[PDB]
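1. following this: a sequence and the matching experimental structure.
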Amino acid sequence: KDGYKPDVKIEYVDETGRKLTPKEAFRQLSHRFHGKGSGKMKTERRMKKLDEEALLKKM
RNA sequence: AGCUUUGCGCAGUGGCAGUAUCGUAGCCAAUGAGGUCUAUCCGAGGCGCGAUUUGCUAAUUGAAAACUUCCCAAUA
């Protein structure tokens, strides 16, 4: 061994940069495994939730 | 001529909602169902059935919780 301490800290942060929740991370992993994404209503709900969260974070 | 009584039906408001609201279809019942007051007084409900139906929205779980295609790659 060369001799050092591992500087490893891995995570699952979405491509948008937001750190996916463990439930959200499991949902993303299951979507990737099943090869199927969110539906139209799911997309609308996600967009509304993201917009509300962004507006709350604004002020 | 203006108002108004039983008020009715429409629309708005307030409140109530398991004891209640109603059908009650089973039964008695304006040809009296019921009693400590009132008994030579009072006079229309009670026993049993079943629910409180119409829609919208958020969320919640799930891999997907639904409304007409889809994951992909250098560009335009």
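-> Sure, I can see it. Numbering: from 1, shown residues only, chains lettered A, B, ... in the order given.
2. use CA for all of it now, contacts and neighbours both
-> Fine.
3. and residue A:51, how far from RNA strand B?
-> According to Cα to the nearest atom of the strand, to the nearest Å, residue A:51 and RNA strand B sit 10 Å apart.
4. residues near that residue, how many?
-> Number of residues near residue A:51 (other Cα atoms under 10 Å) recorded here: 12.
5. quick one: secondary structure of it?
-> At residue A:51 the chain is in helix, as set by DSSP: H, G, I helix; E, B strand; the rest coil.
6. what's the neighbour count on the residue nearest to residue A:13 when sequence neighbours are not counted?
-> Nearest residue to residue A:13 in three dimensions, chain neighbours excluded: residue A:19, at 3.9 Å (Cα to Cα, 6 or more residues apart in numbering). The local packing of residue A:19 (other Cα under 10 Å) involves 13 other residues.
7. where does residue A:19 fall, phi/psi-wise?
-> Phi and psi for residue A:19, reported as degrees, to the nearest 10, are phi -70, psi 110.
8. thought it was touching residue A:12?
-> Yes: contact criterion Cα atoms under 8 Å: residue A:19 and residue A:12 qualify, at 6.3 Å.
9. contact partners of stretch A:19-36?
-> In this structure, residues lying in contact with stretch A:19-36 by Cα atoms under 8 Å, 6 or more residues apart in numbering are A:11-14, A:37.
10. alright, that wraps it up for me.
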